[PDB]
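A.B. asks: Let me begin by handing over the structure; questions about it come next.
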Amino acid sequence: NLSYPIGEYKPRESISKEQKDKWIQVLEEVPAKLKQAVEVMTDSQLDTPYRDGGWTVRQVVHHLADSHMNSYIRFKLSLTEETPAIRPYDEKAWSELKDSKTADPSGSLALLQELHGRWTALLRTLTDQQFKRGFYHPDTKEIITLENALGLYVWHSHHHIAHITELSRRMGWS
Amino acid sequence: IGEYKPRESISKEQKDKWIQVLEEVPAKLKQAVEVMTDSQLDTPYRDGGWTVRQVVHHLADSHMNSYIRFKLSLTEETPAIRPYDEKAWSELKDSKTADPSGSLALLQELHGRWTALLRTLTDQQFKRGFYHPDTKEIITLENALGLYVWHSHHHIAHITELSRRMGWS
Amino acid sequence: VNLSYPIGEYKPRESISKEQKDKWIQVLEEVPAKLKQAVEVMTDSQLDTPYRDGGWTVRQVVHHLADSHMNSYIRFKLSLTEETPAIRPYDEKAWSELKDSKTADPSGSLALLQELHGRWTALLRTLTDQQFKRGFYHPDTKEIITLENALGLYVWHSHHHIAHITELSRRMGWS
Amino acid sequence: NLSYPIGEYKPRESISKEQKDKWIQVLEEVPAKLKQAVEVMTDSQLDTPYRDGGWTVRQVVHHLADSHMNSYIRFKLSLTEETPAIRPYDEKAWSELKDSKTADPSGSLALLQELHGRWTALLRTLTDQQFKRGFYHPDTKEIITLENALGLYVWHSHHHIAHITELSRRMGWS
Ligand code: NI
Ligand code: NI
Ligand code: NI
Ligand code: NI
């Protein structure tokens, strides 16, 4: 399970207030946890693939920032339009841009901290009804509610963090 | 002060000036709003218009969308971008009440990554474009850079003009 | 790059958390048992095998850890009782070439490391956050390092030289 | 007297092989003698000053560990550098650290046992010429040879052990 260290996100129809509130807290804490994992690494460690054939740690960090900026936008689209079709992006192509392969993680780590700050602030304003609003992914044709999207991105965060910490543990880094 | 004028060609020198201006935008916005009380933040810059607070959150939202559009344009062949309802976004409770500090900090880091991206681009990458399905126009990335410099200055001016007229300090 | 630096190098940080410090104190306390694990099973011929071509023997690495870490413990106490003291460099290559370093049984050094790490971690657990931010100065490299980063550095140093030994056993197919 | 129960160390110009060998044996035995001096002691006994203005028995134990670690390092500097300047430390300040005032003697007694084992091992490897190598205090600018340093640390050992045994005798303890 190199590609999926903590499995995949399982959607449900029934998500409690306590569960939503906990996921919001977990989401706010993601950037610190990511920073803890990555700040110990030198450039050659950052440029080490997390698995054979896969992205480097540096790429994963920049991907989290790009993915989560897209997600935040999708939340605001969903709150302001009725089940909007969202705009997919080619995450593989984004990760192959020169910047994604060479930029220091610090800027993306700082962006993520502030982004998850604003995102969790938005989430704390939402009513139960607003959490039941959704959006449509054009490629996969599936509709996801905002409460499930919150669960999904808690998963996505920790999925990628686990790629990094697993690599770090396997290589004997800190 | 004036609407942006699209150009067929933009010099390397002008691009570099605009990247630097874009890098400085968040510090200029912070200087314009950081001493403001809630009363001042929730004052409309004009009669039927958005408050200073709504403008700050809008810049963060607008510019995040723009950064995404840049990356779509660099990875797809003349992509159609995804418009958003900017008025509806500004009417969300969070837009009307959140403290500016978070959006100011986000804008700082966002412009940091955006200008980093811009400094990696070749001249030919700056000639890549995207299609805005509302205006029907193919906009090149070098012109979009110009547009977002104007966007920044236009909104910051609205804020500083309000403070000047009201005698705030 | 890999034979010499099997787990990379230590990267200092501007800030170290209470939780990280506590973990590192625990790891440092247990380091000697891990070293002993690796060296306990080895014959004299194995002890006198270089960890890489042109490198120290396993025996020398063990005695080096004891010498290095004694030096470090002293540097911590200097740092706590003086204001950013300049510490005393030592010639690690020359220390490892002493007859004693090339021939002494590892047992004494292993036992010394166990007790030293015991006293060192006891010291560390008494320290306030402010004391952990105190630093010392290396007169040759011109570097200033804080005690919390020196802690991270010596956890690394332990793992680094243990890896020298375990990587050797693996490459050699020993048991 | 009370401060100097066995007087002070008097350096000599030369030291016989016989004296050097006797001193190496004494040094090997010091940790056991120290252990015996504090063997039964309660915490209140350990926290008794050895004389009115003085360190507690506990502080004396931890001081011996610290002093002798510093001395061992000074031997190795002397063997590997040409008459090195050594690095003084503030004995009083080290002894005032919370750890020095409170830690159980056990760990320092065990450290001393292992340290003296490595130290006497080193000493048994030395040639006569290596024993004539020295080091200087940057302040006293006195050169001390390793054979005299051996005599000095034999003295130091029994000086501080006497502080303890004399205390026990003066009090009712032993
Ligand atoms: Ni992903
Ligand atoms: Ni605008
Ligand atoms: Ni080393
Ligand atoms: Ni003394």
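A.B. asks: List the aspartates and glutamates whose Cα lies under 16 Å from the Cα of A:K141, skipping any in the same chain that are fewer than 8 positions away.
C.D. replies: Excluding near neighbours in sequence, the set is A:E82.
A.B. asks: Please state the relative contact order of chain C as a whole percent: Cα pairs under 8 Å, 6+ residues apart?
C.D. replies: Normalised by residue count, the contact order of chain C is 37 percent.
A.B. asks: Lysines near C:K99 by alpha-carbon distance under 21 Å, same-chain residues fewer than 8 away left out - which ones?
C.D. replies: Partners found: D:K17, D:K20, D:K76, D:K132.
A.B. asks: From the cross-link list B:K71/B:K96; B:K15/B:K71; D:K22/D:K92; C:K11/C:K93; A:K98/C:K23; A:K35/C:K23, which pairs have alpha carbons spaced over 27 Å apart? Don't jump to the answer; show the numbers that get you there.
C.D. replies: Details: B:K71/B:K96 29 Å; B:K15/B:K71 18 Å; D:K22/D:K92 31 Å; C:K11/C:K93 23 Å; A:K98/C:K23 37 Å; A:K35/C:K23 17 Å.
Violating the 27 Å Cα-Cα cut-off are B:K71/B:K96; D:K22/D:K92; A:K98/C:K23.
A.B. asks: Something else about it: Can you tell which of C:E30, C:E14, C:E82 shows the greatest fluctuation in a Gaussian network model of chain C with Cα springs below 10 Å?
C.D. replies: Ranking C:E30, C:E14, C:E82 by mean-square fluctuation puts C:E14 first.
A.B. asks: Shifting gears a bit: So how far, in whole Å, is the C-alpha centre of region A:81-120 from the one of region C:113-166?
C.D. replies: Region A:81-120 and region C:113-166 have Cα centres separated by 37 Å.
A.B. asks: When a/c is below 1.5 the answer is rounded, else prolate if a/b is larger than b/c, else oblate, so apply that to region D:79-120 with a ≥ b ≥ c taken from the square roots of the Cα gyration tensor eigenvalues.
C.D. replies: oblate
A.B. asks: Right, another one. What is the sum of charges around D:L122, taking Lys and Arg as +1, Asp and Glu as -1, for the other residues whose C-beta is under 11 Å from the C-beta of D:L122?
C.D. replies: So the surrounding residues net to +2.
A.B. asks: First select every other residue whose beta carbon is under 14 angstrom from the beta carbon of A:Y136; then total the charges, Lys and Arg +1, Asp and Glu -1.
C.D. replies: Local net charge: +1.
A.B. asks: Relative to the first principal axis of the alpha-carbon coordinates of chain B, what is the inclination of helix B:52-75, with its axis defined by its Cα atoms, in degrees from 0 to 90 and to the nearest 10?
C.D. replies: Once rounded, one gets 10 degrees.
A.B. asks: Here is a further query. Just report the Cα centroid separation between region C:1-23 and region B:1-77, whole Å.
C.D. replies: Going from one Cα centre to the other spans 40 Å.
A.B. asks: Summing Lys, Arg as +1 and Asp, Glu as -1, what charge do residues with Cβ under 12 Å from the Cβ of D:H156 carry, D:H156 excluded?
C.D. replies: That sum, taken over residues with Cβ under 12 Å, equals -3.
A.B. asks: Helix C:18-39 sits at what angle to the longest principal axis of chain C, using alpha carbons and giving 0 to 90 degrees rounded to 10?
C.D. replies: On a 0 to 90 degree scale, this one is about 20.
Computed from the coordinates by the stated procedures, all read-outs in this text should not be read as laboratory data. With ideal geometry, Cβ positions are generated from the backbone for all residues, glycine too; neighbour counts draw on all protein chains shown.
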